[PDB]
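Okay, input00.cif is below, mmCIF, C-alpha atoms:
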```cif
data_target
#
loop_
_atom_site.label_atom_id
_atom_site.label_comp_id
_atom_site.auth_asym_id
_atom_site.auth_seq_id
_atom_site.Cartn_x
_atom_site.Cartn_y
_atom_site.Cartn_z
CA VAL A 1046 98.03 199.69 -61.26
CA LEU A 1047 100.94 198.49 -63.39
CA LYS A 1048 100.12 194.79 -63.02
CA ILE A 1049 97.68 192.48 -61.25
CA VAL A 1050 98.59 188.99 -60.06
CA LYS A 1051 95.66 186.77 -59.11
CA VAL A 1052 96.34 183.56 -57.19
CA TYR A 1053 93.81 180.80 -56.53
CA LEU A 1054 94.19 178.83 -53.30
CA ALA A 1055 92.39 175.49 -53.08
CA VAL A 1056 91.84 174.44 -49.46
CA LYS A 1057 90.64 170.86 -49.03
CA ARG A 1058 88.75 171.80 -45.88
CA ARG A 1059 87.57 168.73 -43.97
CA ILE A 1060 84.63 168.33 -41.63
CA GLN A 1061 85.52 168.93 -37.99
CA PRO A 1062 83.90 169.90 -34.68
CA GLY A 1063 82.35 173.36 -34.84
CA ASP A 1064 81.07 173.11 -38.40
CA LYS A 1065 77.34 173.70 -38.80
CA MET A 1066 75.53 170.66 -40.17
CA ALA A 1067 71.82 170.21 -40.69
CA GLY A 1068 69.05 168.28 -42.39
CA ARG A 1069 66.52 169.14 -45.04
CA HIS A 1070 63.60 169.16 -42.59
CA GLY A 1071 65.19 171.94 -40.52
CA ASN A 1072 66.97 169.89 -37.86
CA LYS A 1073 70.19 171.77 -37.25
CA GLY A 1074 73.28 171.68 -35.18
CA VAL A 1075 77.01 171.79 -34.55
CA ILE A 1076 79.24 168.72 -34.65
CA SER A 1077 80.37 168.24 -31.06
CA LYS A 1078 83.12 165.63 -31.26
CA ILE A 1079 84.36 163.19 -33.89
CA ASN A 1080 84.61 159.98 -31.95
CA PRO A 1081 86.71 157.01 -33.04
CA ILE A 1082 84.76 154.54 -35.17
CA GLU A 1083 84.64 151.95 -32.37
CA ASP A 1084 82.82 154.26 -29.96
CA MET A 1085 79.81 154.40 -32.28
CA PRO A 1086 76.81 152.29 -31.29
CA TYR A 1087 76.54 149.41 -33.71
CA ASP A 1088 73.79 147.07 -34.82
CA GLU A 1089 73.74 143.29 -34.56
CA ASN A 1090 75.37 142.94 -37.98
CA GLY A 1091 78.15 145.22 -36.71
CA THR A 1092 77.75 148.32 -38.88
CA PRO A 1093 78.48 151.33 -36.65
CA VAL A 1094 76.18 154.30 -37.08
CA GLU B 7 88.56 128.22 -11.76
CA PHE B 8 88.63 129.03 -15.48
CA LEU B 9 88.86 127.22 -18.80
CA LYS B 10 90.90 128.61 -21.54
CA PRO B 11 89.59 129.96 -24.85
CA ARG B 12 91.45 128.46 -27.78
CA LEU B 13 91.53 129.48 -31.43
CA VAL B 14 89.17 127.07 -33.19
CA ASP B 15 87.96 126.94 -36.82
CA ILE B 16 88.38 130.21 -38.73
CA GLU B 17 86.17 130.02 -41.81
CA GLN B 18 86.33 132.27 -44.87
CA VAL B 19 82.89 132.74 -46.40
CA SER B 20 84.60 135.32 -48.65
CA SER B 21 88.11 136.56 -49.33
CA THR B 22 87.33 139.78 -47.46
CA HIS B 23 85.03 138.13 -44.88
CA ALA B 24 86.21 135.93 -42.01
CA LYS B 25 84.34 134.21 -39.19
CA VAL B 26 86.65 133.31 -36.30
CA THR B 27 85.39 131.22 -33.39
CA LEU B 28 86.60 130.96 -29.79
CA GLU B 29 84.76 128.05 -28.15
CA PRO B 30 85.91 127.46 -24.55
CA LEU B 31 85.05 130.84 -23.01
CA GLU B 32 83.61 131.30 -19.52
CA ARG B 33 80.17 132.87 -19.24
CA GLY B 34 80.60 136.55 -18.35
CA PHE B 35 83.83 136.72 -20.36
CA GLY B 36 82.30 136.52 -23.83
CA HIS B 37 81.13 140.11 -23.92
CA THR B 38 84.32 141.35 -22.26
CA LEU B 39 86.59 139.65 -24.80
CA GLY B 40 84.30 140.55 -27.69
CA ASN B 41 84.20 144.24 -26.85
CA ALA B 42 87.92 144.40 -26.12
CA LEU B 43 88.84 142.70 -29.39
CA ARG B 44 86.41 144.88 -31.33
CA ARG B 45 88.00 148.02 -29.91
CA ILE B 46 91.55 146.83 -30.54
CA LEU B 47 90.76 145.71 -34.09
CA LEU B 48 89.08 148.98 -35.00
CA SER B 49 91.78 151.07 -33.33
CA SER B 50 95.31 149.65 -33.33
CA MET B 51 95.52 147.36 -36.35
CA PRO B 52 98.74 147.74 -38.38
CA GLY B 53 98.17 147.93 -42.11
CA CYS B 54 99.56 149.09 -45.43
CA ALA B 55 98.21 152.21 -47.08
CA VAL B 56 99.09 154.71 -49.77
CA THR B 57 100.54 157.97 -48.46
CA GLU B 58 102.06 159.93 -51.35
CA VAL B 59 101.55 159.67 -55.10
CA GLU B 60 103.74 161.19 -57.82
CA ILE B 61 101.96 161.64 -61.16
CA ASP B 62 104.22 162.77 -64.00
CA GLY B 63 101.70 164.89 -65.88
CA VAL B 64 100.24 166.93 -63.03
CA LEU B 65 101.53 169.39 -60.45
CA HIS B 66 98.67 169.36 -57.93
CA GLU B 67 95.50 167.52 -56.96
CA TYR B 68 93.12 169.88 -58.77
CA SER B 69 94.33 169.43 -62.36
CA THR B 70 93.62 166.88 -65.07
CA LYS B 71 95.51 165.23 -67.91
CA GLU B 72 94.50 164.31 -71.44
CA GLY B 73 92.69 161.05 -72.10
CA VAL B 74 91.46 160.43 -68.55
CA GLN B 75 87.77 160.61 -67.63
CA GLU B 76 88.48 160.96 -63.90
CA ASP B 77 89.94 163.97 -62.13
CA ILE B 78 93.33 163.57 -60.48
CA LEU B 79 91.51 164.01 -57.18
CA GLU B 80 89.37 161.04 -58.22
CA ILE B 81 92.47 158.94 -58.89
CA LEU B 82 93.76 159.83 -55.43
CA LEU B 83 90.37 158.95 -53.94
CA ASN B 84 90.38 155.58 -55.72
CA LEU B 85 93.94 154.89 -54.57
CA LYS B 86 92.85 155.63 -51.00
CA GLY B 87 90.81 152.43 -51.18
CA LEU B 88 93.60 150.42 -52.79
CA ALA B 89 94.25 147.18 -50.89
CA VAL B 90 97.89 146.08 -50.76
CA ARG B 91 100.12 143.94 -48.52
CA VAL B 92 103.85 144.52 -48.06
CA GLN B 93 105.93 141.92 -46.26
CA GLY B 94 109.60 142.85 -46.01
CA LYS B 95 109.62 146.64 -46.30
CA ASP B 96 107.76 149.18 -44.20
CA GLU B 97 107.73 151.68 -47.10
CA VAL B 98 107.62 150.71 -50.78
CA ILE B 99 107.30 152.70 -54.01
CA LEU B 100 105.17 151.01 -56.66
CA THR B 101 105.27 152.14 -60.29
CA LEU B 102 102.08 152.27 -62.36
CA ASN B 103 102.70 152.46 -66.11
CA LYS B 104 100.03 152.05 -68.78
CA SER B 105 99.07 153.66 -72.07
CA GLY B 106 96.16 153.01 -74.39
CA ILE B 107 92.40 153.05 -74.01
CA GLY B 108 91.02 150.95 -71.19
CA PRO B 109 90.28 150.76 -67.47
CA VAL B 110 93.57 151.16 -65.60
CA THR B 111 93.10 148.87 -62.59
CA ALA B 112 95.28 147.81 -59.67
CA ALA B 113 96.61 144.72 -61.45
CA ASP B 114 98.42 147.07 -63.84
CA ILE B 115 100.80 148.12 -61.06
CA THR B 116 104.32 146.76 -61.45
CA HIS B 117 104.35 144.08 -58.75
CA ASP B 118 107.44 143.44 -56.65
CA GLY B 119 108.27 140.29 -54.73
CA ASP B 120 107.21 141.79 -51.40
CA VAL B 121 104.10 143.64 -52.61
CA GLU B 122 100.80 141.81 -53.15
CA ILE B 123 97.67 143.36 -54.65
CA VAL B 124 94.73 141.53 -53.08
CA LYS B 125 92.15 143.49 -55.11
CA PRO B 126 93.49 143.41 -58.68
CA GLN B 127 90.11 144.45 -60.14
CA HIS B 128 90.14 147.71 -58.16
CA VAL B 129 89.91 150.32 -60.91
CA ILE B 130 92.32 153.24 -60.59
CA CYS B 131 91.29 155.30 -63.61
CA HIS B 132 90.07 155.08 -67.20
CA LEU B 133 92.15 156.00 -70.25
CA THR B 134 89.91 157.28 -73.05
CA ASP B 135 92.62 158.17 -75.58
CA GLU B 136 94.87 155.94 -77.65
CA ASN B 137 98.07 157.91 -76.97
CA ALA B 138 97.23 158.82 -73.36
CA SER B 139 99.77 157.34 -70.94
CA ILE B 140 99.74 157.25 -67.14
CA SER B 141 102.96 156.94 -65.14
CA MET B 142 102.68 157.15 -61.37
CA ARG B 143 104.89 156.57 -58.35
CA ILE B 144 102.67 155.35 -55.50
CA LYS B 145 104.28 155.31 -52.06
CA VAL B 146 102.70 152.69 -49.79
CA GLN B 147 103.80 152.55 -46.16
CA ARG B 148 102.87 150.84 -42.92
CA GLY B 149 100.90 152.44 -40.12
CA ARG B 150 98.00 152.15 -37.72
CA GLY B 151 94.92 154.25 -37.14
CA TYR B 152 94.04 157.20 -39.35
CA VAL B 153 96.79 159.68 -40.27
CA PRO B 154 95.46 162.35 -42.66
CA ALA B 155 97.75 164.46 -44.80
CA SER B 156 97.29 167.49 -42.55
CA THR B 157 99.37 166.28 -39.61
CA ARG B 158 102.57 164.95 -41.20
CA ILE B 159 102.47 167.98 -43.53
CA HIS B 160 103.07 170.10 -40.42
CA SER B 161 105.94 167.72 -39.54
CA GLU B 162 107.43 168.06 -43.04
CA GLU B 163 106.94 171.82 -43.54
CA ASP B 164 105.68 172.03 -47.14
CA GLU B 165 107.42 168.96 -48.62
CA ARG B 166 110.05 170.19 -51.06
CA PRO B 167 108.91 168.49 -54.31
CA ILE B 168 105.76 170.03 -55.77
CA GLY B 169 105.13 167.09 -58.07
CA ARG B 170 104.22 164.81 -55.18
CA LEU B 171 100.64 164.70 -53.86
CA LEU B 172 99.88 163.67 -50.29
CA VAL B 173 96.75 161.66 -49.55
CA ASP B 174 95.13 160.85 -46.23
CA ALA B 175 96.16 157.30 -45.33
CA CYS B 176 93.55 155.07 -43.70
CA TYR B 177 95.85 152.27 -42.56
CA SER B 178 92.99 150.36 -40.93
CA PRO B 179 92.67 146.99 -42.68
CA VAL B 180 89.41 145.98 -41.01
CA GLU B 181 86.24 147.77 -42.09
CA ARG B 182 83.66 145.94 -39.97
CA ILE B 183 83.73 144.01 -36.69
CA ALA B 184 80.92 142.14 -34.97
CA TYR B 185 80.92 139.60 -32.16
CA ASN B 186 78.22 137.21 -31.00
CA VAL B 187 78.39 135.35 -27.69
CA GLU B 188 76.27 132.21 -27.82
CA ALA B 189 75.79 129.24 -25.52
CA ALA B 190 78.61 126.86 -26.45
CA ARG B 191 77.46 123.45 -25.21
CA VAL B 192 80.21 120.95 -24.42
CA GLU B 193 80.42 118.00 -22.05
CA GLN B 194 83.02 119.48 -19.68
CA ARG B 195 81.70 122.39 -17.57
CA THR B 196 78.01 123.32 -17.80
CA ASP B 197 78.60 127.09 -18.04
CA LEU B 198 80.49 127.97 -21.22
CA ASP B 199 79.84 130.24 -24.19
CA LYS B 200 81.65 130.73 -27.48
CA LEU B 201 82.56 134.01 -29.14
CA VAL B 202 81.97 134.22 -32.89
CA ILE B 203 83.74 137.25 -34.37
CA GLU B 204 82.52 138.16 -37.85
CA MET B 205 85.07 140.39 -39.56
CA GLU B 206 85.09 142.30 -42.83
CA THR B 207 88.64 143.25 -43.81
CA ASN B 208 90.22 144.60 -47.00
CA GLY B 209 92.11 141.31 -47.28
CA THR B 210 95.43 142.81 -46.20
CA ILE B 211 95.45 141.17 -42.75
CA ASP B 212 94.62 137.53 -42.07
CA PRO B 213 92.01 136.99 -39.34
CA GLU B 214 94.36 134.73 -37.36
CA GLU B 215 97.11 137.35 -37.35
CA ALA B 216 94.44 139.96 -36.64
CA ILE B 217 93.23 138.24 -33.47
CA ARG B 218 96.80 137.49 -32.40
CA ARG B 219 97.83 141.14 -32.80
CA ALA B 220 94.76 142.37 -30.93
CA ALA B 221 95.51 139.99 -28.08
CA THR B 222 99.16 141.07 -28.03
CA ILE B 223 98.14 144.72 -27.78
CA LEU B 224 95.64 143.98 -25.01
CA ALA B 225 98.23 141.98 -23.05
CA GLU B 226 100.79 144.77 -23.43
CA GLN B 227 98.23 147.24 -22.09
CA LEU B 228 97.37 144.96 -19.16
CA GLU B 229 101.08 144.61 -18.35
CA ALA B 230 100.92 148.01 -16.66
CA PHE B 231 98.00 146.87 -14.51
CA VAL B 232 99.76 143.65 -13.51
CA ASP B 233 102.72 145.48 -11.94
CA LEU B 234 101.76 148.74 -10.22
CA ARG B 235 104.30 151.52 -9.69
CA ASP B 236 103.94 152.97 -6.19
#
```
Turn the structure described in the file into structure tokens.
Amino acid sequence: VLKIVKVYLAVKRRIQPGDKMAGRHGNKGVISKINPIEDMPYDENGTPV
Amino acid sequence: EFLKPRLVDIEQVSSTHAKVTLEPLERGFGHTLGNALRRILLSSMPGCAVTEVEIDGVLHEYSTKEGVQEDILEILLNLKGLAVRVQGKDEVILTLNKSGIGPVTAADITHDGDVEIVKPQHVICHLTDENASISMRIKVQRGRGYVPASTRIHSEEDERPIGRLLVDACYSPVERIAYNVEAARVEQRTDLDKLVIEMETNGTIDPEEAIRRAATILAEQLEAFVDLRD
């Protein structure tokens, strides 16, 4: 090998459907769909979950 | 047959918090109007947001300069939450210029006649060196919804300058919407309720203009229903 060129690629990979997400207690799962913020059920104060 | 809801007192318990009341609303319509306005406000609100930032010292998001205690990615993240109103222009380019030790906040941005910073205490970064200087070109443009920098980057094909950094623009001005329908008691008509919409917004959009825009969008949508194409 005459020379070596190393290149670092930084991908800002965002969360999306299909990614595996879980809890500490063992509850697991795959994100099904990212709904718009309005579609979330919301409390009386109005904070959507 | 019906009585007509009218914009009544719109109080401001805070600069970012607005309580807007609609008194003369028929019972059975309060929840309909409340839900519709909540959806429209969370979805189709026009607003001003930062899209692209040009920092002189850096070439990409994952580098750092001298005399700053926050990573360039952190400056971009802080700018994401920057609250700004532009009146005349759809796209503006603000210039941030400051040297010397101290917290570089939003008020340090060179303010034009059409650009208003409603959150001047919003910290952008911290300069921890006497000779450290920050010069940035912040592009703020108008839009609605959520347009991340992974969709217009496919419509730009690797934007030619490498010194510019694209950030995901959350144009939504409103952060929280709630509506309460309560029994509005008034002499005329025994069955009426009022809708109290409690709104938390980044201060870029006035609640009156907010409700008016939501109603305009809803009416434009209903226009198709009014006249059916057969």
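This file, queried with the PyMOL selection byres ((chain A) within 8 of (chain B)), gives the residues residues 1081, 1082, 1083, 1089, 1090, 1091 and 1092 of chain A.
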Answer key for the PyMOL selection byres ((chain B and resi 58) around 10), residues as a ChimeraX atom specification: /B:55-57,59-61,82,99,143-147,155,170-175
Contact residues around residue 188 of chain B with all atoms listed in the file at 10 Å, ignoring same-chain residues under 5 positions, as a ChimeraX atom specification: /B:29,33,36,198-202
Using all atoms listed in the file, determine which residues lie at most 8 Å from segment 1049-1064 of chain A, disregarding the query and same-chain residues fewer than 6 positions distant; provide the list as a PyMOL selection string. chain A and resi 1075-1079
Enclose the full set of atoms of segment 223-233 of chain B listed in the file within a box whose edges lie along x, y and z, apply 5 Å of padding to each of the six sides, and report centre and edge lengths in Å to one decimal as lines of an AutoDock Vina configuration file.
```
center_x = 99.2
center_y = 145.0
center_z = -19.9
size_x = 17.1
size_y = 16.0
size_z = 25.8
```
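Of the listed residues B:91, B:160, B:218, B:23, the one whose atoms come nearest to residue 117 of chain B is B:91, with distances taken using all atoms listed in the file.
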Taking only C-alpha atoms into account, name the residue in B:97, B:32, B:212, B:80 that is nearest to residue 8 of chain B. B:32
Show me, as a list in words, the residues that have an atom within 8 Å of residue 136 of chain B when counting all atoms listed in the file, minus same-chain residues fewer than 6 positions from it. residues 73, 105, 106 and 107 of chain B
As a check of understanding, name the residues that the PyMOL selection byres ((chain B and resi 123) around 10) selects in the supplied structure, as a list in words. residues 88, 89, 90, 91, 92, 112, 113, 114, 115, 117, 118, 121, 122, 124, 125, 126, 127, 128, 209 and 210 of chain B
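Put simply, atom CA of residue 102 of chain B is 5.0 Å away from atom CA of residue 142 of chain B.
With atom CA of residue 233 of chain B on one side and atom CA of residue 221 of chain B on the other, the separation reads 18.5 Å.
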